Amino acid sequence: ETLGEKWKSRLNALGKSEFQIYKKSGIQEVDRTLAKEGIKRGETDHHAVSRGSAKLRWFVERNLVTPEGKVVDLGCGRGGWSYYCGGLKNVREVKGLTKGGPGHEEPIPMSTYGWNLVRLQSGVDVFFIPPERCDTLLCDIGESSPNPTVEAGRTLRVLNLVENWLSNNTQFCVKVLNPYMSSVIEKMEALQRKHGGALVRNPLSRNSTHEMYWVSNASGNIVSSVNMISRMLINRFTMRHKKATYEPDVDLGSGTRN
């Protein structure tokens, strides 16, 4: 058994209140109140549609992914990553695809900076559509489960999916819903040998998930990067400040790009 698995049982054993307190203990949060109120009226200018943008900004503002040219965002939901890339200096084109429909988030049309570069469709199932050429691949797909084996099945589908989309020296940031299961480690190692990058933990992630993102401009041993984060999450069980710490949202400008 891996350390991640020990962690997952310990999580599932928690009571309802302890769960909600642990989930946000000492993590990082985004001040979203005004951005949401803005959107809940007609406002289309300045706001991120999701806390997803803040999440992507963390990776980029550090040069772990450098989106550019033709960007594909698989499972883009409301559009938080897409709209975010739409205003980055080098990015030429953003295409985003999702499920939508009853029970899922629909794309939300916005006029943030570079909105014209960005094209979103719902009703799409990414697993059965032909791969297209591109320069940067993004993917935030993975529906969590109480059962880590289910999670590994779901994650290995996402991995086989992105492989088919990956070229040569293309930029990427790909959610790995479950990185600790033995079968995922293996696929990740084979994938690292063939495309590079490594796994990195985002501090905006909640303690209730062990997700790590495969980003292109990083290195590090797969096994170590993973165990590091299991030990962290276990350390966080007995924590003694028990509060999230907030940071401002992203302003995404307004207007068309060229």
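Throughout, we count residues from 1 along the sequence that is shown.
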property: Relative C-alpha B-factor of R193, binned into the chain's lowest, middle or highest third; result: highest
property: Position of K40 among the chain's modelled residues by C-alpha B-factor, lowest, middle or highest third; result: highest
property: Chain third (lowest, middle, highest) by recorded CA B-factor, residue given as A244; result: highest
property: Chain third (lowest, middle, highest) by recorded CA B-factor, residue given as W81; result: lowest
property: Record-listed C-alpha B factor of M212: chain third; result: lowest
